[PDB]
Protein chains: 2
Amino acid sequence: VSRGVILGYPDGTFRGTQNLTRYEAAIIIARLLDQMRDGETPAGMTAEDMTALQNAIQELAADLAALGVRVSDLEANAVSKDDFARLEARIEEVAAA
Amino acid sequence: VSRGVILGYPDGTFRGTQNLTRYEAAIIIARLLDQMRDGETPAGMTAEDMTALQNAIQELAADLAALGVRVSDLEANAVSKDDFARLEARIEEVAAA
């Protein structure tokens, strides 16, 4: 009666083989899109393999390790703190001749 | 002989169109589930897009940055350490009138 197909399914109109917009002929039933689909669908997959790229645990460790306070109210904070002098450098010295 | 279908495939019993438990009629062959399936399957996809939400690198940076020692044996530790006085404040002072 009506292929209908709306969710997880779709339809429109068809007849003489000829071709179709971004569809043409090519038996490729769902493949007509499923192909380019899976092709694109491999996006996540792509990133995924890379996200993997083995390095299991190692990656995490590296990331964590690379972690610090690399930055700086720090400096500002670290630099500032450093900024010192050997405790009261001059002060200390002054405090006894 | 027997559609069987057990792994990546399934079956039970069918006949007069009428309907079916959580299946009813609706030609929707695999779609009978594949639809609701993909629908649900989009779960990961959903989180995924959000996990993405662009912010590539930025998110990581932000997360890392937001990293600290935000917490506290710290306090306990930081607070404690702070807790100080300007080195030997009173002590220092005492040490010369």
# chains A, B, ... in the order shown; residues from 1 in each chain; ligands from 1
call {"tool": "interface_residues", "arguments": {"of": "chain B", "to": "chain A", "cutoff": "12 Å", "atoms": "only C-alpha atoms", "output": "PyMOL selection string"}}
result
chain B and resi 26-42+44-45+48-49+51-52+56+60-70+86-88+92-93+95-97
call {"tool": "select_by_dssp", "arguments": {"residues": "range 11-64 of chain A", "states": "alpha helix (DSSP H)", "output": "list in words"}}
result
residues 31, 32, 33, 34, 35, 36, 37, 38, 39, 40, 42, 43, 44, 45, 46, 47, 48, 49, 50, 51, 52, 58, 59, 60, 61, 62, 63 and 64 of chain A
call {"tool": "decode", "arguments": {"residues": "chain A", "atoms": "C-alpha atoms", "output": "short mmCIF file (atom, residue, chain, number, x, y, z; two decimals), in the first residue's frame"}}
result
data_model
loop_
_atom_site.label_atom_id
_atom_site.label_comp_id
_atom_site.auth_asym_id
_atom_site.auth_seq_id
_atom_site.Cartn_x
_atom_site.Cartn_y
_atom_site.Cartn_z
CA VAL A 1 0.00 0.00 0.00
CA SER A 2 2.64 2.56 1.10
CA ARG A 3 6.30 1.74 1.95
CA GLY A 4 5.81 4.86 4.16
CA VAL A 5 9.01 4.48 6.28
CA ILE A 6 9.64 7.58 8.46
CA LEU A 7 11.80 6.62 11.49
CA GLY A 8 14.82 4.29 11.08
CA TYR A 9 13.18 4.11 7.61
CA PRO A 10 12.35 6.56 4.77
CA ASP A 11 10.67 6.86 1.33
CA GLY A 12 9.56 9.39 -1.34
CA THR A 13 8.80 8.26 -4.93
CA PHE A 14 10.40 6.03 -7.63
CA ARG A 15 9.71 4.49 -11.09
CA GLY A 16 11.71 4.30 -14.37
CA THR A 17 15.31 3.23 -13.55
CA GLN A 18 17.09 6.23 -15.16
CA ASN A 19 18.72 7.83 -12.07
CA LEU A 20 18.02 10.05 -9.00
CA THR A 21 19.38 13.09 -7.10
CA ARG A 22 22.44 11.98 -5.06
CA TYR A 23 21.08 8.46 -5.80
CA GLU A 24 21.23 7.82 -9.59
CA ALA A 25 20.73 4.10 -10.39
CA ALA A 26 23.19 1.55 -8.89
CA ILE A 27 21.02 -1.27 -7.42
CA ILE A 28 22.67 -0.35 -4.06
CA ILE A 29 19.28 -0.43 -2.23
CA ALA A 30 20.04 0.99 1.24
CA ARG A 31 23.70 1.05 0.07
CA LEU A 32 22.58 4.00 -2.14
CA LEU A 33 23.06 5.82 1.20
CA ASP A 34 24.14 3.09 3.67
CA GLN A 35 27.47 3.06 1.76
CA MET A 36 28.28 6.81 1.95
CA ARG A 37 26.61 6.46 5.38
CA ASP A 38 28.94 3.75 6.81
CA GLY A 39 31.72 5.64 4.95
CA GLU A 40 30.86 8.77 6.98
CA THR A 41 29.79 6.61 9.98
CA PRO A 42 33.48 5.54 10.15
CA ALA A 43 34.11 9.11 11.45
CA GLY A 44 33.80 8.14 15.14
CA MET A 45 35.54 4.86 14.20
CA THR A 46 38.45 6.88 12.71
CA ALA A 47 38.90 9.11 15.79
CA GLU A 48 38.31 5.97 17.89
CA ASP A 49 41.21 3.99 16.45
CA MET A 50 43.40 7.05 16.99
CA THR A 51 42.03 7.66 20.47
CA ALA A 52 43.11 4.04 20.88
CA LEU A 53 46.35 3.94 18.87
CA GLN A 54 47.26 1.28 21.47
CA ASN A 55 49.05 3.34 24.19
CA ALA A 56 46.40 1.80 26.51
CA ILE A 57 47.25 3.05 30.03
CA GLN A 58 50.49 4.58 28.64
CA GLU A 59 48.48 7.46 27.07
CA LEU A 60 46.57 8.04 30.35
CA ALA A 61 49.84 7.87 32.35
CA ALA A 62 51.57 10.27 29.89
CA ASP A 63 48.58 12.69 30.03
CA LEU A 64 48.42 12.52 33.87
CA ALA A 65 52.24 12.87 34.12
CA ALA A 66 52.26 15.82 31.65
CA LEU A 67 49.83 17.23 34.25
CA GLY A 68 51.25 19.86 36.64
CA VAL A 69 50.28 23.28 37.41
CA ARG A 70 51.96 24.11 34.03
CA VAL A 71 50.75 27.73 34.00
CA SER A 72 50.61 30.49 36.43
CA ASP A 73 48.79 32.45 39.02
CA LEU A 74 51.44 30.05 39.38
CA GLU A 75 54.71 31.61 38.41
CA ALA A 76 52.89 34.41 39.24
CA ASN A 77 52.73 32.05 41.46
CA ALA A 78 55.86 29.86 41.02
CA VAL A 79 57.92 32.77 39.59
CA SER A 80 56.64 35.03 42.43
CA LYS A 81 57.40 32.46 45.18
CA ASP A 82 60.83 31.83 43.56
CA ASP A 83 61.09 35.10 43.04
CA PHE A 84 62.71 35.20 46.63
CA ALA A 85 66.39 35.40 47.32
CA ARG A 86 67.58 32.65 49.27
CA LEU A 87 65.24 33.34 52.24
CA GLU A 88 66.09 36.81 53.57
CA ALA A 89 69.27 36.87 51.43
CA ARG A 90 70.26 40.55 51.98
CA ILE A 91 67.94 40.62 55.03
CA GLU A 92 69.55 37.48 56.54
CA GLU A 93 73.04 38.90 55.79
CA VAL A 94 72.14 42.32 57.30
CA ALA A 95 70.66 40.56 60.38
CA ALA A 96 74.58 40.01 61.46
CA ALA A 97 77.91 42.02 60.88
#
